[PDB]
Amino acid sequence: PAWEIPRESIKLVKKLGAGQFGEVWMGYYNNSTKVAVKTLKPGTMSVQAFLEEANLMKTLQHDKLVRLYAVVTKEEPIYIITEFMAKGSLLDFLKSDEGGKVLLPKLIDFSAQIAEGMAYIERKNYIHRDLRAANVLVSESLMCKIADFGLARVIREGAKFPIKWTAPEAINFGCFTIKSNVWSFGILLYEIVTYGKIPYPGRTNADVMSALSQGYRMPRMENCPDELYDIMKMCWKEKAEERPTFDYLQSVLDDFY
């Protein structure tokens, strides 16, 4: 398309992450613009499967969603070039010394920002399926954007749904809808309020999907206001239909203060 750029017009500077499917690098699109470069380790994923994430992003363009800038697909090492987010994932940020110092007001902000990005995704008739703090990125101005549309569909090779973030009807019946993303959002609120703690501490994945089939919900966590817990408990309603829309969450969270 007009998304292709020559390999020469990007310089990779610092390595950010590893993984089985390739690497992520900080870089520059012809010197001028700071970018993130996702690298495919040839042989691992299919090239078509690796680019499905990019193909998806071509359609998904909103401020609270990491934007795609371009791709390099003509030559063996395939690149996905996206907007650089200075503070990394929300998970890592929340756990850093700096993030440990961010008070509850700005946590509700982060949370409301993601609800905004998700409200676009549901308005666009899409599902994300992989919504969690590790898949949300933070800019220098402390803006949150949704990332990682590897599992996002218009309503898989590699690819593992996040069991501990996935709605019970999605696990047990394979029923992924925007309402299952609302479930995931509730867990993402848990991650925010606890500064990046793992869901269901000390519970294996199997324990969790068994516990959920018995109506387990995480009890009110320390340093979480009734009102914020009621938002979580709203996302964790058994019947998917009875869970609120993202447009509602963005409203209720935004006026939280």
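Heads up: residue numbers just count along the shown sequence, starting at 1.
Modelled in this chain, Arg153 is likewise resolved in all the other entries of the protein that span it on both sides, not missing from even a third of them.
Unmodelled stretch separating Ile155 from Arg156: 4 to 9 residues (count of deposited-sequence residues without coordinates). Taking the mean C-alpha B-factor of each stretch as recorded, 171-179 and 105-113 are not equal, and the higher mean is that of 105-113.
Looking at mean Cα B-factors across 207-215 and 185-193, the upper value is held by 207-215. In the PDB entry, a CA B factor belonging to the highest third of its chain's modelled residues is recorded for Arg67. In this PDB entry, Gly100 carries a Cα temperature factor that places it within the middle third of its chain's modelled residues. Among the modelled residues of the chain, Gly150 sits in the middle third by CA temperature factor in this PDB entry. Ranked within its chain, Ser46 lands in the middle third, by CA B factor from the PDB record.
Among the modelled residues of its chain, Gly27 has a C-alpha B-factor that falls in the highest third according to the deposited record.
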